[PDB]
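Visitor: See structure.csv below, with CSV, C-alpha atoms and all ligand atoms.
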```csv
chain,number,residue,atom,x,y,z
A,7,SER,CA,115.8,80.2,85.8
A,8,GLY,CA,113.6,82.6,83.8
A,9,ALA,CA,113.3,86.1,82.2
A,10,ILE,CA,110.8,88.8,81.3
A,11,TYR,CA,110.9,89.8,77.6
A,12,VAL,CA,109.3,93.3,77.1
A,13,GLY,CA,109.9,95.5,74.0
A,14,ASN,CA,113.7,95.3,73.3
A,15,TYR,CA,114.6,94.4,76.9
A,16,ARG,CA,115.3,91.1,78.8
A,17,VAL,CA,114.9,91.3,82.6
A,18,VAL,CA,116.7,88.6,84.6
A,19,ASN,CA,117.9,88.0,88.2
A,20,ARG,CA,121.3,89.8,88.4
A,21,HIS,CA,122.9,86.8,90.0
A,22,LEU,CA,121.9,84.6,87.0
A,23,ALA,CA,122.8,87.0,84.2
A,24,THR,CA,124.9,85.5,81.4
A,25,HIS,CA,128.1,86.8,79.6
A,26,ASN,CA,125.7,88.0,76.8
A,27,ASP,CA,123.4,89.9,79.3
A,28,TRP,CA,126.5,91.8,80.6
A,29,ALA,CA,127.8,92.5,77.0
A,30,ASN,CA,124.4,94.0,76.2
A,31,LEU,CA,123.8,95.7,79.6
A,32,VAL,CA,121.1,98.5,79.9
A,33,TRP,CA,120.8,98.7,83.7
A,34,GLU,CA,121.6,96.6,86.8
A,35,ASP,CA,121.1,97.0,90.5
A,36,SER,CA,122.8,94.6,93.0
A,37,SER,CA,120.5,95.9,95.8
A,38,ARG,CA,117.4,94.7,93.9
A,39,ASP,CA,119.0,91.5,92.3
A,40,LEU,CA,117.9,92.8,88.8
A,41,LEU,CA,119.7,93.2,85.5
A,42,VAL,CA,118.2,94.4,82.2
A,43,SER,CA,119.9,93.7,78.8
A,44,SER,CA,119.0,94.7,75.2
A,45,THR,CA,117.5,92.3,72.7
A,46,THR,CA,117.2,92.3,68.9
A,47,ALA,CA,113.8,90.6,68.8
A,48,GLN,CA,110.5,92.1,70.2
A,49,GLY,CA,109.4,90.6,73.5
A,50,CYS,CA,106.3,88.5,74.4
A,51,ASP,CA,105.5,90.1,77.8
A,52,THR,CA,103.6,93.2,79.2
A,53,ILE,CA,104.3,94.9,82.7
A,54,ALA,CA,101.6,95.5,85.3
A,55,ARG,CA,101.2,99.2,86.4
A,56,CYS,CA,99.1,98.7,89.6
A,57,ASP,CA,99.1,98.1,93.3
A,58,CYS,CA,97.9,94.5,93.3
A,59,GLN,CA,99.1,92.4,96.4
A,60,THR,CA,97.7,89.0,95.1
A,61,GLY,CA,98.7,87.1,92.0
A,62,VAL,CA,100.0,83.8,90.6
A,63,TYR,CA,103.6,82.7,90.3
A,64,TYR,CA,105.3,79.9,88.4
A,65,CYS,CA,107.3,77.4,90.6
A,66,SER,CA,109.8,75.4,88.4
A,67,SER,CA,110.6,73.0,91.3
A,68,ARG,CA,106.9,71.8,91.3
A,69,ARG,CA,106.2,72.4,87.5
A,70,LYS,CA,103.1,74.4,88.8
A,71,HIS,CA,101.6,77.8,89.2
A,72,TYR,CA,100.5,78.9,92.8
A,73,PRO,CA,98.3,81.8,93.9
A,74,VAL,CA,99.9,84.1,96.5
A,75,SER,CA,99.2,87.1,98.8
A,76,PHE,CA,102.5,89.2,98.9
A,77,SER,CA,103.8,92.2,100.9
A,78,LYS,CA,104.4,95.6,99.3
A,79,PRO,CA,107.9,96.2,97.9
A,80,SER,CA,110.2,96.9,100.8
A,81,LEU,CA,113.8,96.7,102.1
A,82,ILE,CA,114.3,93.1,103.6
A,83,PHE,CA,117.4,91.5,105.1
A,84,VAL,CA,118.7,88.6,103.0
A,85,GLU,CA,121.4,86.2,104.5
A,86,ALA,CA,124.8,85.8,102.7
A,87,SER,CA,124.9,83.4,99.7
A,88,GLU,CA,127.5,82.5,97.2
A,89,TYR,CA,126.2,85.4,95.1
A,90,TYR,CA,126.0,88.2,97.6
A,91,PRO,CA,127.2,89.3,101.1
A,92,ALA,CA,124.6,89.6,103.8
A,93,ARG,CA,122.6,92.8,102.9
A,94,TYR,CA,119.2,94.5,102.6
A,95,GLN,CA,117.6,93.8,99.3
A,96,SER,CA,115.2,96.6,98.2
A,97,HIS,CA,111.9,96.4,96.2
A,98,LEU,CA,111.4,92.9,97.5
A,99,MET,CA,107.9,91.4,98.2
A,100,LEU,CA,107.4,88.3,100.4
A,101,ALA,CA,104.8,85.6,100.3
A,102,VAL,CA,104.1,82.2,101.8
A,103,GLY,CA,104.8,79.6,99.1
A,104,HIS,CA,107.3,77.0,98.0
A,105,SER,CA,110.6,78.0,96.5
A,106,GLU,CA,114.1,76.4,95.9
A,107,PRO,CA,117.2,78.3,94.7
A,108,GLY,CA,116.6,77.2,91.0
A,109,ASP,CA,113.1,78.7,91.1
A,110,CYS,CA,114.6,82.2,90.7
A,111,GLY,CA,113.3,83.8,87.5
A,112,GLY,CA,109.8,82.4,87.7
A,113,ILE,CA,107.3,85.1,86.8
A,114,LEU,CA,104.6,86.6,89.3
A,115,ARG,CA,101.6,88.0,87.3
A,116,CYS,CA,98.3,89.6,88.4
A,117,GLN,CA,95.3,90.5,86.1
A,118,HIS,CA,97.3,93.5,84.7
A,119,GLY,CA,100.5,91.8,83.6
A,120,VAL,CA,103.9,90.9,85.0
A,121,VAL,CA,104.6,92.1,88.5
A,122,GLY,CA,108.0,90.6,89.2
A,123,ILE,CA,110.3,87.6,89.3
A,124,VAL,CA,111.3,85.1,92.0
A,125,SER,CA,114.5,86.3,93.7
A,126,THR,CA,114.6,84.7,97.2
A,127,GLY,CA,113.2,81.8,99.2
A,128,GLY,CA,113.0,80.4,102.6
A,129,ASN,CA,111.3,77.8,104.8
A,130,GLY,CA,107.8,78.1,103.3
A,131,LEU,CA,108.6,81.6,101.9
A,132,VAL,CA,109.1,83.0,98.4
A,133,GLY,CA,110.4,86.5,97.6
A,134,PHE,CA,109.8,88.4,94.4
A,135,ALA,CA,111.8,91.3,92.9
A,136,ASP,CA,109.2,94.0,91.9
A,137,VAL,CA,109.5,95.5,88.4
A,138,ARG,CA,106.3,97.7,88.4
A,139,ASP,CA,108.1,100.9,89.2
A,140,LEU,CA,110.5,100.6,86.1
A,141,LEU,CA,108.4,102.7,83.8
A,142,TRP,CA,111.1,102.9,81.1
A,143,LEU,CA,110.6,99.2,80.3
A,144,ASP,CA,107.4,100.2,78.4
A,145,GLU,CA,109.2,102.6,76.0
A,201,LIG,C1,114.7,77.3,100.9
A,201,LIG,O1,115.7,78.3,100.7
A,201,LIG,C2,115.7,79.0,99.5
A,201,LIG,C3,114.7,78.9,98.6
A,201,LIG,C4,114.8,79.6,97.4
A,201,LIG,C5,115.9,80.5,97.2
A,201,LIG,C6,116.9,80.6,98.1
A,201,LIG,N1,118.0,81.4,97.9
A,201,LIG,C7,118.0,82.7,98.2
A,201,LIG,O2,117.1,83.3,98.7
A,201,LIG,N2,119.1,83.4,97.8
A,201,LIG,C8,120.2,82.8,97.1
A,201,LIG,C9,120.3,83.3,95.7
A,201,LIG,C10,120.4,84.9,95.7
A,201,LIG,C11,119.2,85.4,96.5
A,201,LIG,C12,119.2,86.9,96.6
A,201,LIG,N3,118.3,87.6,95.9
A,201,LIG,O3,120.1,87.5,97.2
A,201,LIG,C13,119.2,84.8,97.9
A,201,LIG,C14,116.8,79.8,99.3
A,201,LIG,CL1,118.0,79.9,100.5
A,202,ZN,ZN,97.6,94.2,89.1
```
Any chance you could give the structure as structure tokens?
Guide:
Amino acid sequence: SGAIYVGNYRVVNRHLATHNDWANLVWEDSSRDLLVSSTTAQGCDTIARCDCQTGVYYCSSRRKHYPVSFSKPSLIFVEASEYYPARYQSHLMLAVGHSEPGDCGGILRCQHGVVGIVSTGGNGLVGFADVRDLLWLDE
């Protein structure tokens, strides 16, 4: 679990969005596993606007932060799950690191701010949904 709180927006994994997220929907994209909902309170986070390919993520299944080198946002095949059919997920960045299904929502940050959130995992892999291209989150 986990979310990004920026301005009057809450960014979550689409597959983990609550009834309240959907009732206050701003934007969602199944191909990116992202959903953004509106909030009444002002958020605690700031978004990176950069091309960093290294950063640190929070891994809830280890209660620890790990440094990672990750690929540029791209279209990657993701196997079927209870949440989605087998498909290509866009704007996804992969890295070598530990992840378990409940780790989704963990934040990846670089020196400039929030880069994205954990969205996939594999045998020694972790995938992050990028949010750096969503410029409207800042206004
Ligand atoms: C060790 O295996 C791991 C580790 C961490 C996460 C995952 N689950 C995914 O990757 N899924 C399921 C949820 C939905 C995701 C999606 N974005 O489609 C895909 C797995 Cl299989
Ligand atoms: Zn950066």
Visitor: Check which residues of stretch 100-127 of chain A sit at most 6 Å from stretch 41-65 of chain A using all atoms listed in the file, and return one row each with the closest pair of atoms and their distance in Å to one decimal, ordered by chain and rising number, as a tab-separated table.
Guide:
```
residue	atom	partner	partner_atom	distance
A:109	CA	A:65	CA	6.0
A:112	CA	A:64	CA	5.2
A:113	CA	A:63	CA	5.6
A:114	CA	A:63	CA	4.1
A:115	CA	A:62	CA	5.6
A:116	CA	A:61	CA	4.4
A:118	CA	A:54	CA	4.8
A:119	CA	A:54	CA	4.2
A:120	CA	A:53	CA	4.6
A:121	CA	A:54	CA	5.5
```
Visitor: Neighbouring residues of ligand LIG 201 (chain A) are defined here as those with any atom at most 7 Å from a ligand atom, counting all atoms listed in the file; list them as a PyMOL selection string.
Guide: chain A and resi 21+39+84+87+89-90+105-107+109-110+125-129+132
Visitor: For the residues in the current selection, export C-alpha atoms as a tab-separated table (two decimals), keeping the file's coordinate frame.
Guide:
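Output saved as selection-v4.tsv:
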```
chain	number	residue	atom	x	y	z
A	21	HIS	CA	122.90	86.80	90.00
A	39	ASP	CA	119.00	91.50	92.30
A	84	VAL	CA	118.70	88.60	103.00
A	87	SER	CA	124.90	83.40	99.70
A	89	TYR	CA	126.20	85.40	95.10
A	90	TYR	CA	126.00	88.20	97.60
A	105	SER	CA	110.60	78.00	96.50
A	106	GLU	CA	114.10	76.40	95.90
A	107	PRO	CA	117.20	78.30	94.70
A	109	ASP	CA	113.10	78.70	91.10
A	110	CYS	CA	114.60	82.20	90.70
A	125	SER	CA	114.50	86.30	93.70
A	126	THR	CA	114.60	84.70	97.20
A	127	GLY	CA	113.20	81.80	99.20
A	128	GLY	CA	113.00	80.40	102.60
A	129	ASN	CA	111.30	77.80	104.80
A	132	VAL	CA	109.10	83.00	98.40
```
Visitor: Quick one, how far is atom CA of residue A:130 from atom ZN of ligand ZN 202 (chain A)?
Guide: 23.8 Å
Visitor: Skipping near chain neighbours, those fewer than 5 positions away, what residues fall within 7 Å of stretch 78-82 of chain A using only C-alpha atoms, listed as a list in words?
Guide: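 Surrounding residues, per the criterion: residues 59, 94, 95, 96, 97, 98, 99 and 136 of chain A.
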Visitor: Take the residues from that selection and write them out as a PDB file, in the frame of the given file, keeping C-alpha atoms.
Guide:
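In the end it all went to out-v4.pdb:
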```pdb
ATOM      1  CA  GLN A  59      99.100  92.400  96.400  1.00  0.00           C
ATOM      2  CA  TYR A  94     119.200  94.500 102.600  1.00  0.00           C
ATOM      3  CA  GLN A  95     117.600  93.800  99.300  1.00  0.00           C
ATOM      4  CA  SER A  96     115.200  96.600  98.200  1.00  0.00           C
ATOM      5  CA  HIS A  97     111.900  96.400  96.200  1.00  0.00           C
ATOM      6  CA  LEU A  98     111.400  92.900  97.500  1.00  0.00           C
ATOM      7  CA  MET A  99     107.900  91.400  98.200  1.00  0.00           C
ATOM      8  CA  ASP A 136     109.200  94.000  91.900  1.00  0.00           C
TER       9      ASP A 136
END
```
Visitor: I'd like the contact shell of residue A:23 - 12 Å cut-off, all atoms listed in the file, skipping same-chain residues fewer than 2 positions apart - returned as a PDB file with C-alpha atoms, in the coordinates of the input.
Guide:
```pdb
ATOM      1  CA  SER A   7     115.800  80.200  85.800  1.00  0.00           C
ATOM      2  CA  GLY A   8     113.600  82.600  83.800  1.00  0.00           C
ATOM      3  CA  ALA A   9     113.300  86.100  82.200  1.00  0.00           C
ATOM      4  CA  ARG A  16     115.300  91.100  78.800  1.00  0.00           C
ATOM      5  CA  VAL A  17     114.900  91.300  82.600  1.00  0.00           C
ATOM      6  CA  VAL A  18     116.700  88.600  84.600  1.00  0.00           C
ATOM      7  CA  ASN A  19     117.900  88.000  88.200  1.00  0.00           C
ATOM      8  CA  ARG A  20     121.300  89.800  88.400  1.00  0.00           C
ATOM      9  CA  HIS A  21     122.900  86.800  90.000  1.00  0.00           C
ATOM     10  CA  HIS A  25     128.100  86.800  79.600  1.00  0.00           C
ATOM     11  CA  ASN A  26     125.700  88.000  76.800  1.00  0.00           C
ATOM     12  CA  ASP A  27     123.400  89.900  79.300  1.00  0.00           C
ATOM     13  CA  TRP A  28     126.500  91.800  80.600  1.00  0.00           C
ATOM     14  CA  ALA A  29     127.800  92.500  77.000  1.00  0.00           C
ATOM     15  CA  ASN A  30     124.400  94.000  76.200  1.00  0.00           C
ATOM     16  CA  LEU A  31     123.800  95.700  79.600  1.00  0.00           C
ATOM     17  CA  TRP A  33     120.800  98.700  83.700  1.00  0.00           C
ATOM     18  CA  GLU A  34     121.600  96.600  86.800  1.00  0.00           C
ATOM     19  CA  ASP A  35     121.100  97.000  90.500  1.00  0.00           C
ATOM     20  CA  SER A  36     122.800  94.600  93.000  1.00  0.00           C
ATOM     21  CA  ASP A  39     119.000  91.500  92.300  1.00  0.00           C
ATOM     22  CA  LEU A  40     117.900  92.800  88.800  1.00  0.00           C
ATOM     23  CA  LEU A  41     119.700  93.200  85.500  1.00  0.00           C
ATOM     24  CA  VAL A  42     118.200  94.400  82.200  1.00  0.00           C
ATOM     25  CA  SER A  43     119.900  93.700  78.800  1.00  0.00           C
ATOM     26  CA  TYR A  89     126.200  85.400  95.100  1.00  0.00           C
ATOM     27  CA  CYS A 110     114.600  82.200  90.700  1.00  0.00           C
ATOM     28  CA  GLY A 111     113.300  83.800  87.500  1.00  0.00           C
TER      29      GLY A 111
END
```
Visitor: Report, in Å with one decimal, the straight-line distance from atom CA of residue A:131 to atom CA of residue A:102.
Guide: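 These two atoms are separated by 4.5 Å.
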Visitor: Nearest to residue A:135: which of A:15, A:92, A:100, A:70 is it, counting only C-alpha atoms?
Guide: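 So, comparing all the options, the nearest one is A:100.
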Visitor: Using Å and a single decimal, report how far atom CA of residue A:133 sits from atom CA of residue A:12.
Guide: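 Distance between the two atoms: 21.6 Å.
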